[PDB]
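> everything below, folded, please.
(chains A and B, ligands or ions: 2)
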Number of protein chains: 2
Amino acid sequence: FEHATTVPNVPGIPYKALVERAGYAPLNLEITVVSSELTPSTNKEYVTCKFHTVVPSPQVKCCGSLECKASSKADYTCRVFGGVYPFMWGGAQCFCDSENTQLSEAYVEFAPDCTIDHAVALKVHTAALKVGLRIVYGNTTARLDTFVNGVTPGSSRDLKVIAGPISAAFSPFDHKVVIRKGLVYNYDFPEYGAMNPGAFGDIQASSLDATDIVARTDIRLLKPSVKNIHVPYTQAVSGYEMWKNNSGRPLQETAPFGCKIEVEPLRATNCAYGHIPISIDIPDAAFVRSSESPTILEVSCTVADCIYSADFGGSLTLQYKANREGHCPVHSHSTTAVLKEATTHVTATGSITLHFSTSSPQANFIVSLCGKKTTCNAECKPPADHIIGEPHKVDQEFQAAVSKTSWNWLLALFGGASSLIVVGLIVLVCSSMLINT
Amino acid sequence: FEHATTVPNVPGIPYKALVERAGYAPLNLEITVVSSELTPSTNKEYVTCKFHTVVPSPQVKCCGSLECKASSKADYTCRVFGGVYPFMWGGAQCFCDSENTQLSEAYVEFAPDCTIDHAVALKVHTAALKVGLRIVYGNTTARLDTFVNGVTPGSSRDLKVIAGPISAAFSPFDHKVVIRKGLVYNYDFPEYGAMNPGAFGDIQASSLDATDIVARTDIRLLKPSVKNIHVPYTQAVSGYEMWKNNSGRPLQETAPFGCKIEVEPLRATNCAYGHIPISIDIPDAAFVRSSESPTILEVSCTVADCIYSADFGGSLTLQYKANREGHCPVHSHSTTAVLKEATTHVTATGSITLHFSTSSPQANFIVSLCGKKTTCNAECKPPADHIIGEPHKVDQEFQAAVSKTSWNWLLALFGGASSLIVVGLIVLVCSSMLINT
Ligand SMILES: *[C@@H]1O[C@H](CO)[C@@H](O)[C@H](O)[C@H]1NC(C)=O
Ligand SMILES: *[C@@H]1O[C@H](CO)[C@@H](O)[C@H](O)[C@H]1NC(C)=O
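Numbering: from 1, shown residues only, chains lettered A, B, ... in the order given. Ligands and ions are numbered 1, 2, ... in the order given. Okay, here it is:
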């Protein structure tokens, strides 16, 4: 039978359900979420690194003109100087004194170590969740990896599964992210061509081995004043290094919902946000006939000094009388109560002891011992341990959160006040009726 | 000087503009969009083609039983068959009389011709637009490939131009696009792992040469009733061929505003939608000092043979008695009328005949004949032909479509009705004044 069921998408915390057809015995569906990868659609938009800003040797022409042409090479600052006099070791460098032209040109290039120290800037638009489920039914165990997109099955040969649309869309990455050496940043980098000097992406290329490199690093060229030849340039500081100085915090540290971010590809593992509805097609071979199943006749339950916590600190004792031997599954239909064992053994009119975990101060729930119903209504104390090392397995509800005695005095007080108003109105009605006569 | 102007996005249709600055004189401006590529970002969801449904050699063996194992081949289908007894040419293929076993097997691989006859599935996310721009100012022509996404300089060597956001971003592509053989289609394909029998995406892969392929076409294998060895299988029709039968028309013939769509890369060039803000900073050398500009003592205007249309059919004649010589720019300050020319060689005293287009019957406009203003009135005749080969030049406003006679008669009727209302209230007021006495 196809059984739709809502499961929290937290890693760990095994979730339990009971499947049942009216002509068949109940079976213990066991569904556990192991992994949850949020791999979004990521496309590379540029790559940047610290520039090498290498300057070529200057050109000299002497008693003439040396006007330079435009170039198709990154950040080509070209300027000519008149009235110069280059002088290397040995003597002067041309033959005129005053009428001279020095062609000083400068460009930038990727540093030799940009193969590693490089930040790639991408856009992230839509994230889809892949979830691994371990499901055991009728002591048959299957692990399978599926999607949450709502229309995709997985290992359908053993068990047919659909994981529908998740209740909440997280998308921890924003629209526009930066990747550096395994660290993720939500940086609003400038687009391709918005070439601000001194900030991130001051030099960008399409790929790491590419000649399509653009840079607007502000290189101001100065006319030399010394007797020797050199090219004096003053350049804006590397915006890659300035961004690295005040990048902020990576998403291995600031990811909500406990996400752990991995690179190559970009993904967010072990995220616990919302709930997922999944429809499970239980195969008919796993169904066991109710005639073969040992039926139960009398059931009763009295818990003994439970606790409510993330730990499995409560225990039922179940009194019963049945007709035959065999193991049957036990499940609680209340959202407050989840048990420990998905099945137990019932032989003949004895006793059994089971464990559970709850969150309400009142332990009011229903137990399906070998099927049917068994209502347990009791009370137990809050825990003494302040902090626990495992997540809470039960979501709180306002109806269950308020304790039973608290409902008792609140209901009695509100009923008393309302009774005062009712008796006052009744006295008014009776008094008006008598004074009318 | 920053001169922000709004230019129609329509390709071709050169845009006149005027740059006036105090002391730096009027100057012509020529803004033309030559090409407008709209390149989005796409991610390859999967590839698909015709499958091959290869049936391997059968595994028959005798006086025994066979049990297959799961394989990683796409759409792996076992069936073990008892009681088989195969024949080839020569006789029985095995010893054992009746109790036998044969493992009938079938899986799915690519066709040999998937290298060309394949369809890729892409998720078009968001399209940014790029304009090749041709700007002519004074006697200087420049071409620059600018980005339209926001602040991005173009040809920064001589003329920094910033193209703002588009007025209304219209995407010809839907969120899902299938490309086959250079033809694009807006097909909502099933996602990865959402295979269906007899439908598109029945076989999916990351690439054509990839081995991690998967398919869910309904192959079922039947018991071989014939005496000879044979593997009978019935399989659902190829969803690729079924989609090819009824794919519908491609987007090269259904795209709004008429881009030409071409692939590698996926792009849609030269639609015509909306308006674009462009801020241009003209270099200071191009401005002429206002002293050398030959100004007019006084202008005049007249029209001849007006035909309001998409063509430059209207003709006007202007009289001048300028004080000096030389060429100087002329421009029309009309949102509903644009001139043909951009400059005129004014010479002392004489007459200039020029051409213009307009989309209003009452062609009244203000033009600047090489300075100041010139008011022109024309009662412009309707066009003769019904269909014109080249597009329009101005957009029609509500006040422009109404001719002078229409304003006269309509305003006369509303004025008459309002006059009756006013005189009625006046007569009521004075009648109340007389009866108050
Ligand atoms: C940049 O790095 C220097 C190096 O010492 C550091 O002092 C400074 O705080 C960093 N940040 C800024 C914003 O200057
Ligand atoms: C499919 O192909 C057949 C083959 O003749 C053709 O008649 C039919 O129009 C095509 N389309 C549909 C939607 O059946």
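> near chain B, which residues of chain A? Just list them.
A:41, A:43, A:45, A:70, A:123, A:125-126, A:146-147, A:149, A:151-154, A:157, A:191-195, A:216 (C-beta under 8 Å from any C-beta of the partner chain). From N, CA and C alone the C-beta is placed, and that goes for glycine too.
> how about the strands in the stretch 301-437 of chain A?
A:314-322, A:326-332, A:338-339, A:343-346, A:351-357, A:362-369, A:375-379 (DSSP state E, counting those that start in this stretch).
> quickly list what the nearest residue to residue A:404 once chain neighbours are set aside is bridged to.
Leaving aside its chain neighbours, residue A:404 sits nearest to residue A:362 (4.1 Å; criterion: C-beta to C-beta, 6 or more residues apart in numbering or on different chains). Bridge pairing for residue A:362 (DSSP bridges) gives the partners residue A:379.
> can you put the strands of the stretch 301-437 of chain A in TSV and add distance to residue B:316 and mean neighbour count?
TSV is the format used below for the strands of the stretch 301-437 of chain A (distance: least, C-beta to C-beta, whole Å; neighbours: other C-beta atoms under 10 Å in any protein chain shown):
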stretch	distance to residue B:316	mean neighbour count
strand A:314-322	96	19
strand A:326-332	91	21
strand A:338-339	89	21
strand A:343-346	97	18
strand A:351-357	91	16
strand A:362-369	92	21
strand A:375-379	97	15
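> so which of the ones you listed is nearest residue A:280?
Smallest distance to residue A:280 across the strands of the stretch 301-437 of chain A (C-beta to C-beta): 14.6 Å, for strand A:326-332.
> output the contacting helices and strands for the closest one.
Judged by 3 or more C-beta pairs under 8 Å, 6 or more residues apart in numbering or on different chains; DSSP states H and E, strand A:326-332 is in contact with strand A:12-19, strand A:27-48, strand A:338-339, strand A:343-346, strand A:362-369.
> CA atoms only: put the last one into CSV for me.
So the one you mean is strand A:362-369. Only the C-alpha atoms of strand A:362-369 are listed here, as CSV (Å, rounded to 0.1, in the frame of the first residue of the first chain):
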residue,chain,number,x,y,z
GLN,A,362,1.7,15.0,30.2
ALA,A,363,2.3,11.6,28.7
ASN,A,364,-1.1,11.1,26.9
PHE,A,365,-0.8,9.0,23.7
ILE,A,366,-2.0,5.9,22.0
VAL,A,367,0.0,2.6,21.5
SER,A,368,-0.6,0.1,18.7
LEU,A,369,0.3,-3.2,20.4
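> just the helices in chain A please.
Shown for chain A, the helices assigned by DSSP state H span residues A:239-245, A:398-401, A:404-436.
> could you say which of these is packed most deeply?
For the helices of chain A, the largest average neighbour count (mean count of other C-beta atoms under 10 Å in any protein chain shown) is found in helix A:239-245, namely a mean of 17.
> count of residues packed around the residue of the stretch 251-400 of chain A found nearest chain B?
Per C-beta to the nearest C-beta, residue A:265 is where the stretch 251-400 of chain A lies closest to chain B, at 11.5 Å. By the criterion of other C-beta atoms under 10 Å in any protein chain shown, residue A:265 has 9 neighbours.
> wait, doesn't it sit right on residue A:39?
Yes: the pair residue A:265 / residue A:39 is scored as a contact, 5.8 Å apart, by C-beta atoms under 8 Å.
> returning to what we had before: contact partners for the residue of the stretch 251-400 of chain A closest to chain B?
Contacts of residue A:265 were listed using C-beta atoms under 8 Å, 6 or more residues apart in numbering or on different chains, and they are A:39, A:42.
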